[PDB]
Amino acid sequence: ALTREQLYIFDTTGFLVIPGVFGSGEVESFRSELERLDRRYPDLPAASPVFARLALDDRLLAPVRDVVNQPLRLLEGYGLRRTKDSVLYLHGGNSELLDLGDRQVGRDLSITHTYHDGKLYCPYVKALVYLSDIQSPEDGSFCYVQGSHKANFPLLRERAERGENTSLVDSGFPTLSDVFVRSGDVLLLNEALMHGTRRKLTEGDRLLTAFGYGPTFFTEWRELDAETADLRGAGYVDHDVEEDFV
Amino acid sequence: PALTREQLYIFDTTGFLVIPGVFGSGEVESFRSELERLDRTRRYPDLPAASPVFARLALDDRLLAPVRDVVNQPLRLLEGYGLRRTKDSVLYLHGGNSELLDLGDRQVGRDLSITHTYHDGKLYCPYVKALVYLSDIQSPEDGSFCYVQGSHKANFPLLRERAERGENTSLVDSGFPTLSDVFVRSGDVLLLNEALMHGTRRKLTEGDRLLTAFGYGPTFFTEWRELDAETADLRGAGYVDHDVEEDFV
Amino acid sequence: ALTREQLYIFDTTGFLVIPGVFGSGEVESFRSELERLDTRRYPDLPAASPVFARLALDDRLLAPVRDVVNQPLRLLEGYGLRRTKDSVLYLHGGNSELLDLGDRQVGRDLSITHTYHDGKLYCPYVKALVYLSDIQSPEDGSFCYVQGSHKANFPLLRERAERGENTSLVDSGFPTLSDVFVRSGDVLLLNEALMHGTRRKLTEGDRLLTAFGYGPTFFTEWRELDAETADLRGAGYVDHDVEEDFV
Amino acid sequence: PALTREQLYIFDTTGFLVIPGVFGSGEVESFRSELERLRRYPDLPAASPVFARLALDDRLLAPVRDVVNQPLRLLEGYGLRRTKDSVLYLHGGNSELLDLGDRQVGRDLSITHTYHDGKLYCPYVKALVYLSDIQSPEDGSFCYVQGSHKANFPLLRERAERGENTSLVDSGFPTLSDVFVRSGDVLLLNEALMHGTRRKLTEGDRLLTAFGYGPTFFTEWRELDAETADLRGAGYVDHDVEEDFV
Ligand SMILES: [Fe+2]
Ligand SMILES: [Fe+2]
Ligand SMILES: [Fe+2]
Ligand SMILES: [Fe+2]
């Protein structure tokens, strides 16, 4: 369970780094199972018994429950290997626009979060379990826009419209910031946060596993391009992201 | 077929909207006829998958234009059913923005399936319902739709304290200061934000109460399915409801 | 102090009628004090009379007001109101009504912008109406209000004014406009974000009441102000769209 | 002189805004010189025509109007001179508690802000005009708790009850950041933000002027201890601040 200083930090920043959650032994168990699984590794829980158990470990479920406060369902669980020269352009943000064909909307209810009577209510959160140190920007560090999880104005739509071609992750931004982590730390993430990763320059592999959680009525995570015509299309339609003009 | 400023004001401030005379007499009759084809007090589950008639109605623009104006998300059809009500049927109160749920280790007072917001000129309601009325309902004994005023934006819970004080009567049978009724004509559509606390009066008159209902929400909501509590393996999908009158009446 | 059911009702409807807070004895006592001071408005009652100065601090008023403001408190206004036949009060208030502010148009009035947090309501401006006579039909000039309008997100009145209307909704009617009936010595606790008014009084006699407004200690005492002054030194409350603006 | 979309984003997401080089070095010498004619310098406009003009200068009013969006009133205007070993402990914060006699409240309406149809509505903002350079924490830099202008949990009360003695501007806090400014820069501040300054360890005076603005129905700024028995007390009652227990 999260302390009050942790809930406070989560609420105000949109994420929480929890240091030293998993032992060196466990991390190596996790690392081994990833190397055997040979870019992204979809559905880790169906492919391993150790990842099916990780997805329900109390070291992940207890902080998750404290920020979702709904009946839970496991929405996704993947592995991630990043090599030299990989990058993750910004996505998320609370007020980014989306065109529907007859209107543009400014809310994505899959990430719209609230607070009520001592409890945070976030619909979609991730637990990033790092399996390798990342201690400098060139290691491909997590980066985020400060406060962007409670943002009221869109940011990217005007960038794209004025013909930008450079991701903030490369060029910088007054409120872009990095997070540095050690093996077996967990990064608890509010998906409303606008975030990405620095371009990795270093040699070696960066590895992590990620589990996404939500209310029991959210469909399992899968990308959808748009509402289908028979209104039967399920999935998550993305709003403005840097990959749409960078 | 879109909603006026005044219609949006009313949906926003009351949690619902009667759109009158949407379907003509002929359509209403073909609808009832189709229900008669599918055949006391009884239910017609999953209408869109059992009838091409009702599969068309689900995607009719007279239902979709209003819905799109209050959901404003990539849309999905979550549910669709038929209802035939006779004498001595009642629907007790359910819904309400702030009703409590015991999760086991805690107590929560939000339900994110009905938690709605507003931003830059648009309403964002994640679960709305289109009721298509195939019968006139013109008095409370006909089993009229009833609701608690403003309950779609209530910050306090109502039902827990009544359950605890040992009440066993529904406000539907008993009355409440801000409990109001809604009267409709057949062919009227009632647009409904599911955050509203609502039910219907006990029906004591003769004849058949007939309606169809369709639920819409975002494409990342699952098709409607009742779920008692979170499944033991966090795989189960569905909707866990909060305090409803059925729980202690 | 308000009950959970009373807090629920106030939060969900924007007001609360608390029945029979003052007995017939106090009521006539209050009524007589209004005479001694002789639509007519009796401004600054607490300065004009020790009786109303006492009323304004009466725990029967302050306990329910504290339950809806929940700030360090300040008396912001106190007046009396005498109404007679053919008097009417058109709609004012409304959470999202517009105000033209020189170079922009705004749709929030922070003097009535209210919130909820951790079990408590926080309304910055509430009125306690003490009724000194019964009102049991619309033609008596009953309190009327637009349901849910204290938490409205769209403006109502501007569309009407631009569409060129000139009849008030208290006369013409409106789908969600309702009336409230009260008895002598009732208190009506009102959230000023609520859009309200009164029906036109067609009956004979006098409709008497006293109103005390309350707010945080950093609100100025109530005063109308046409607009921001050029030296930024003018204090007071600038009205958003009201029906009197075009009826 | 109105705020760009990016400046509005930053102010919304962080709770403040540094506006660089608003006043030239001639103007800044004019202000420093005037402050020599007259440590806190209370009510500057009433005391000096130069600062009466500055209080209504459009380089301040234009951005202020963009984040308040109400009929505007000037609520305070003071000057500030700090020397060595001066410090300013944390205060502000969206959810800091206040004991009200028979109850405990967690909103302060004088700084409770909102957003509606494209506009920010912040009832109390300060415009800080810096007359000297602050480029290191030991000059006594402005500091703030990130995202605390939208915080939903209290932070200080629990610290106070645990019995903490030292301030966060001394020990540090994981989300406490610093802001460096140059002479002639304007800091535009949402007062819901929890903020203060580092202890000044250098010589030379630290000069700035501050003007505070709100809606016309706000009383001019004065400190008030509690609501008075006659409910006639006007002014601003502060919630938990660090000075209460440090
Ligand atoms: Fe991501
Ligand atoms: Fe229902
Ligand atoms: Fe009024
Ligand atoms: Fe300050």
# chains A, B, ... in the order shown; residues from 1 in each chain; ligands from 1
$ interface_residues --of "chain D" --to "chain C" --cutoff "8 Å" --atoms "only C-alpha atoms" --output "PyMOL selection string"
chain D and resi 56+69-74+100+105-110+116-117+119+121+123+215-219+226-227+230-237
$ residues_around --residues "residue 37 in chain C" --least-positions-apart "2" --cutoff "12 Å" --atoms "only C-alpha atoms" --output "ChimeraX atom specification"
/C:30-35,40-45,47-49,51-52,79-82
$ closest_residue --among "B:10, B:172, B:189, B:78" --to "chain A" --atoms "only C-alpha atoms"
B:78
$ select_by_dssp --residues "range 97-198 of chain A" --states "helix (DSSP H, G or I)" --output "ChimeraX atom specification"
/A:137-139,148-150,156-161,168-171
$ closest_residue --among "B:177, B:121, B:66, B:157" --to "chain D" --atoms "only C-alpha atoms"
B:121
$ interface_residues --of "chain A" --to "chain D" --cutoff "10 Å" --atoms "only C-alpha atoms" --output "number ranges by chain"
A: 4-5, 7-14, 114-120, 145-155, 158-159, 174-175
$ write_last_selection --atoms "N, CA, C and O atoms" --output "short mmCIF file (atom, residue, chain, number, x, y, z; two decimals), in the first residue's frame"
data_model
loop_
_atom_site.label_atom_id
_atom_site.label_comp_id
_atom_site.auth_asym_id
_atom_site.auth_seq_id
_atom_site.Cartn_x
_atom_site.Cartn_y
_atom_site.Cartn_z
N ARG A 4 1.07 8.18 2.32
CA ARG A 4 0.42 9.42 1.96
C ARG A 4 1.36 10.29 1.13
O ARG A 4 0.93 10.98 0.20
N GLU A 5 2.65 10.22 1.43
CA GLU A 5 3.63 10.97 0.63
C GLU A 5 3.69 10.45 -0.80
O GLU A 5 3.90 11.22 -1.74
N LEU A 7 1.02 8.76 -2.48
CA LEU A 7 -0.22 9.15 -3.14
C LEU A 7 -0.13 10.60 -3.55
O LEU A 7 -0.50 10.94 -4.66
N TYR A 8 0.39 11.45 -2.66
CA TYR A 8 0.53 12.86 -2.96
C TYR A 8 1.39 13.04 -4.21
O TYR A 8 1.03 13.81 -5.11
N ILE A 9 2.52 12.34 -4.25
CA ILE A 9 3.43 12.49 -5.37
C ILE A 9 2.81 11.95 -6.65
O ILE A 9 2.97 12.54 -7.71
N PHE A 10 2.07 10.85 -6.55
CA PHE A 10 1.40 10.30 -7.73
C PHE A 10 0.36 11.27 -8.30
O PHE A 10 0.35 11.57 -9.50
N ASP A 11 -0.51 11.75 -7.44
CA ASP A 11 -1.54 12.69 -7.80
C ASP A 11 -0.96 13.90 -8.50
O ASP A 11 -1.40 14.28 -9.57
N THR A 12 0.05 14.51 -7.91
CA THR A 12 0.56 15.77 -8.43
C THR A 12 1.47 15.63 -9.65
O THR A 12 1.64 16.59 -10.39
N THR A 13 2.07 14.46 -9.86
CA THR A 13 2.97 14.33 -10.99
C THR A 13 2.48 13.35 -12.08
O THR A 13 2.96 13.38 -13.22
N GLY A 14 1.52 12.49 -11.74
CA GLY A 14 1.05 11.49 -12.70
C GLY A 14 1.84 10.18 -12.75
O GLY A 14 1.53 9.30 -13.56
N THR A 114 -10.22 11.17 -11.90
CA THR A 114 -10.83 12.06 -10.95
C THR A 114 -10.34 11.74 -9.55
O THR A 114 -9.51 10.86 -9.35
N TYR A 115 -10.85 12.48 -8.58
CA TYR A 115 -10.53 12.29 -7.18
C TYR A 115 -11.83 12.48 -6.41
O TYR A 115 -12.61 13.34 -6.75
N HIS A 116 -12.07 11.68 -5.38
CA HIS A 116 -13.30 11.81 -4.60
C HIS A 116 -13.15 11.15 -3.24
O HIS A 116 -12.94 9.94 -3.15
N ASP A 117 -13.28 11.96 -2.19
CA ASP A 117 -13.31 11.49 -0.81
C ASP A 117 -12.08 10.65 -0.44
O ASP A 117 -12.21 9.49 -0.06
N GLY A 118 -10.89 11.24 -0.55
CA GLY A 118 -9.67 10.58 -0.14
C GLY A 118 -9.09 9.55 -1.09
O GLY A 118 -8.06 8.96 -0.79
N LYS A 119 -9.73 9.33 -2.24
CA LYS A 119 -9.28 8.32 -3.20
C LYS A 119 -9.05 8.85 -4.62
O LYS A 119 -9.85 9.61 -5.15
N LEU A 120 -7.94 8.44 -5.23
CA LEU A 120 -7.75 8.68 -6.65
C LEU A 120 -8.52 7.66 -7.46
O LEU A 120 -8.62 6.50 -7.07
N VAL A 145 6.14 15.27 -19.87
CA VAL A 145 5.80 16.68 -19.70
C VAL A 145 5.15 16.91 -18.33
O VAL A 145 4.12 16.32 -18.01
N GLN A 146 5.78 17.76 -17.52
CA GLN A 146 5.26 18.06 -16.18
C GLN A 146 3.82 18.56 -16.21
O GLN A 146 3.46 19.47 -16.97
N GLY A 147 2.99 17.94 -15.37
CA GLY A 147 1.63 18.39 -15.16
C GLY A 147 0.71 18.05 -16.29
O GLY A 147 -0.47 18.35 -16.23
N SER A 148 1.22 17.39 -17.33
CA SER A 148 0.44 17.18 -18.55
C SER A 148 -0.71 16.21 -18.34
O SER A 148 -1.59 16.09 -19.19
N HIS A 149 -0.72 15.53 -17.21
CA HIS A 149 -1.79 14.58 -16.94
C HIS A 149 -3.08 15.26 -16.48
O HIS A 149 -4.15 14.66 -16.54
N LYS A 150 -2.96 16.51 -16.03
CA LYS A 150 -4.13 17.31 -15.65
C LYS A 150 -4.25 18.53 -16.54
O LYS A 150 -4.91 19.50 -16.20
N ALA A 151 -3.60 18.48 -17.70
CA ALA A 151 -3.59 19.61 -18.62
C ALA A 151 -4.97 19.90 -19.20
O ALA A 151 -5.74 18.97 -19.49
N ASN A 152 -5.28 21.19 -19.40
CA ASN A 152 -6.55 21.64 -19.99
C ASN A 152 -6.48 22.14 -21.46
O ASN A 152 -7.50 22.22 -22.14
N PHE A 153 -5.28 22.50 -21.91
CA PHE A 153 -5.03 22.93 -23.29
C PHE A 153 -4.29 21.84 -24.07
O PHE A 153 -3.41 21.17 -23.54
N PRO A 154 -4.64 21.66 -25.34
CA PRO A 154 -3.83 20.71 -26.13
C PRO A 154 -2.45 21.30 -26.45
O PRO A 154 -2.29 22.51 -26.45
N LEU A 155 -1.48 20.45 -26.74
CA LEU A 155 -0.12 20.91 -27.00
C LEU A 155 0.36 20.57 -28.42
O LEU A 155 0.96 21.40 -29.09
N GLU A 158 -1.08 22.20 -32.28
CA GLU A 158 -0.54 23.44 -32.81
C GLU A 158 0.89 23.26 -33.26
O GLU A 158 1.35 23.96 -34.16
N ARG A 159 1.60 22.32 -32.64
CA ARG A 159 2.95 22.00 -33.07
C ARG A 159 2.91 21.42 -34.47
O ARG A 159 3.62 21.90 -35.36
N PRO A 174 10.60 23.30 -22.22
CA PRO A 174 10.83 23.88 -20.89
C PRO A 174 10.41 22.97 -19.72
O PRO A 174 10.99 23.05 -18.64
N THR A 175 9.44 22.10 -19.94
CA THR A 175 8.94 21.25 -18.88
C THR A 175 9.06 19.76 -19.18
O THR A 175 8.38 18.95 -18.56
#
$ interface_residues --of "chain B" --to "chain A" --cutoff "6 Å" --atoms "only C-alpha atoms" --output "number ranges by chain"
B: 74-77, 219-222, 230, 234-235, 237-239
$ write_last_selection --atoms "N, CA and C atoms" --output "short mmCIF file (atom, residue, chain, number, x, y, z; two decimals), in the first residue's frame"
data_model
loop_
_atom_site.label_atom_id
_atom_site.label_comp_id
_atom_site.auth_asym_id
_atom_site.auth_seq_id
_atom_site.Cartn_x
_atom_site.Cartn_y
_atom_site.Cartn_z
N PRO B 74 -15.34 8.03 -29.86
CA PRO B 74 -15.56 6.91 -30.79
C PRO B 74 -16.60 5.95 -30.22
N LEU B 75 -17.71 5.75 -30.92
CA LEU B 75 -18.88 5.09 -30.36
C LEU B 75 -18.91 3.56 -30.51
N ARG B 76 -19.59 2.89 -29.58
CA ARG B 76 -19.85 1.44 -29.66
C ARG B 76 -21.25 1.09 -29.13
N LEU B 77 -21.90 0.08 -29.72
CA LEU B 77 -23.20 -0.40 -29.23
C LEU B 77 -22.97 -1.43 -28.15
N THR B 219 -15.59 2.95 -27.47
CA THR B 219 -15.20 1.69 -28.08
C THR B 219 -14.36 0.81 -27.15
N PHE B 220 -13.84 1.40 -26.08
CA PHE B 220 -13.07 0.61 -25.12
C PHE B 220 -13.92 0.10 -23.94
N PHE B 221 -15.21 0.40 -23.92
CA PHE B 221 -16.13 -0.28 -23.00
C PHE B 221 -16.52 -1.65 -23.55
N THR B 222 -16.63 -2.65 -22.69
CA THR B 222 -17.08 -3.98 -23.13
C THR B 222 -18.61 -4.00 -23.27
N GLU B 230 -14.84 -8.40 -8.65
CA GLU B 230 -13.75 -8.61 -9.59
C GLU B 230 -13.37 -10.09 -9.56
N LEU B 234 -8.52 -11.62 -12.19
CA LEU B 234 -8.47 -10.33 -12.87
C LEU B 234 -8.62 -10.43 -14.38
N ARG B 235 -9.34 -11.44 -14.85
CA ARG B 235 -9.54 -11.60 -16.29
C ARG B 235 -10.96 -11.27 -16.68
N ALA B 237 -14.42 -9.70 -17.34
CA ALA B 237 -14.94 -8.40 -17.73
C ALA B 237 -16.41 -8.26 -17.34
N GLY B 238 -16.86 -7.01 -17.17
CA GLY B 238 -18.23 -6.76 -16.80
C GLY B 238 -18.39 -5.53 -15.94
N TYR B 239 -19.62 -5.28 -15.51
CA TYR B 239 -20.00 -4.09 -14.77
C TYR B 239 -20.48 -4.46 -13.37
#
$ atom_distance --atom1 "CA of residue 147 in chain C" --atom2 "CA of residue 215 in chain B"
25.6 Å
$ residues_near_ligand --ligand "ligand 4" --cutoff "12 Å" --atoms "only C-alpha atoms and all ligand atoms" --output "PyMOL selection string"
chain D and resi 16+78+80+88-93+111+124-128+142-144+187-197+210-212+238+241
$ residues_near_ligand --ligand "ligand 3" --cutoff "10 Å" --atoms "only C-alpha atoms and all ligand atoms" --output "list in words"
residues 89, 90, 91, 92, 93, 126, 127, 129, 190, 191, 192, 193, 194, 195, 196, 197, 198, 211 and 213 of chain C
$ closest_residue --among "A:126, A:199, A:206, A:39" --to "ligand 1" --atoms "only C-alpha atoms and all ligand atoms"
A:126
$ residues_near_ligand --ligand "ligand 2" --cutoff "10 Å" --atoms "only C-alpha atoms and all ligand atoms" --output "list in words"
residues 91, 92, 93, 94, 95, 128, 129, 131, 145, 192, 193, 194, 195, 196, 197, 198, 199, 200 and 213 of chain B
$ closest_atom_pairs --of "chain B" --to "chain D" --cutoff "12 Å" --atoms "only C-alpha atoms" --output "JSON lines"
{"residue": "B:117", "atom": "CA", "partner": "D:116", "partner_atom": "CA", "distance": 11.8}
{"residue": "B:118", "atom": "CA", "partner": "D:116", "partner_atom": "CA", "distance": 8.9}
{"residue": "B:119", "atom": "CA", "partner": "D:117", "partner_atom": "CA", "distance": 6.6}
{"residue": "B:120", "atom": "CA", "partner": "D:117", "partner_atom": "CA", "distance": 4.2}
{"residue": "B:121", "atom": "CA", "partner": "D:117", "partner_atom": "CA", "distance": 6.3}
{"residue": "B:122", "atom": "CA", "partner": "D:117", "partner_atom": "CA", "distance": 9.3}
{"residue": "B:123", "atom": "CA", "partner": "D:117", "partner_atom": "CA", "distance": 11.8}
$ write_last_selection --atoms "N, CA, C and O atoms" --output "mmCIF file, in the first residue's frame"
data_model
loop_
_atom_site.group_PDB
_atom_site.id
_atom_site.type_symbol
_atom_site.label_atom_id
_atom_site.label_comp_id
_atom_site.auth_asym_id
_atom_site.auth_seq_id
_atom_site.Cartn_x
_atom_site.Cartn_y
_atom_site.Cartn_z
ATOM 1 N N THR B 117 -18.050 14.074 -17.629
ATOM 2 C CA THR B 117 -17.386 15.343 -17.481
ATOM 3 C C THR B 117 -17.840 16.289 -18.593
ATOM 4 O O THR B 117 -18.786 16.012 -19.333
ATOM 5 N N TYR B 118 -17.176 17.430 -18.679
ATOM 6 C CA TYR B 118 -17.537 18.476 -19.623
ATOM 7 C C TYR B 118 -16.266 19.248 -19.935
ATOM 8 O O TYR B 118 -15.478 19.526 -19.039
ATOM 9 N N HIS B 119 -16.081 19.632 -21.186
ATOM 10 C CA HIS B 119 -14.836 20.266 -21.585
ATOM 11 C C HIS B 119 -15.019 20.920 -22.941
ATOM 12 O O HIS B 119 -15.484 20.286 -23.890
ATOM 13 N N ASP B 120 -14.700 22.207 -22.998
ATOM 14 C CA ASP B 120 -14.732 22.997 -24.228
ATOM 15 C C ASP B 120 -15.990 22.810 -25.102
ATOM 16 O O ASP B 120 -15.893 22.516 -26.300
ATOM 17 N N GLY B 121 -17.165 23.000 -24.508
ATOM 18 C CA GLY B 121 -18.407 22.974 -25.265
ATOM 19 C C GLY B 121 -19.037 21.606 -25.498
ATOM 20 O O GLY B 121 -20.104 21.495 -26.104
ATOM 21 N N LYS B 122 -18.393 20.552 -25.012
ATOM 22 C CA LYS B 122 -18.930 19.218 -25.219
ATOM 23 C C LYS B 122 -19.150 18.450 -23.920
ATOM 24 O O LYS B 122 -18.308 18.487 -23.023
ATOM 25 N N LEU B 123 -20.295 17.773 -23.836
ATOM 26 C CA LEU B 123 -20.552 16.769 -22.809
ATOM 27 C C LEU B 123 -19.830 15.448 -23.094
ATOM 28 O O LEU B 123 -19.868 14.936 -24.227
#
$ residues_around --residues "residue 33 in chain D" --least-positions-apart "6" --cutoff "12 Å" --atoms "only C-alpha atoms" --output "VMD selection string"
chain D and resid 25 to 27 48 50 to 51 131 207
$ atom_distance --atom1 "CA of residue 77 in chain D" --atom2 "CA of residue 42 in chain D"
6.9 Å
$ residues_near_ligand --ligand "ligand 1" --cutoff "8 Å" --atoms "only C-alpha atoms and all ligand atoms" --output "PyMOL selection string"
chain A and resi 91-92+191+195-196
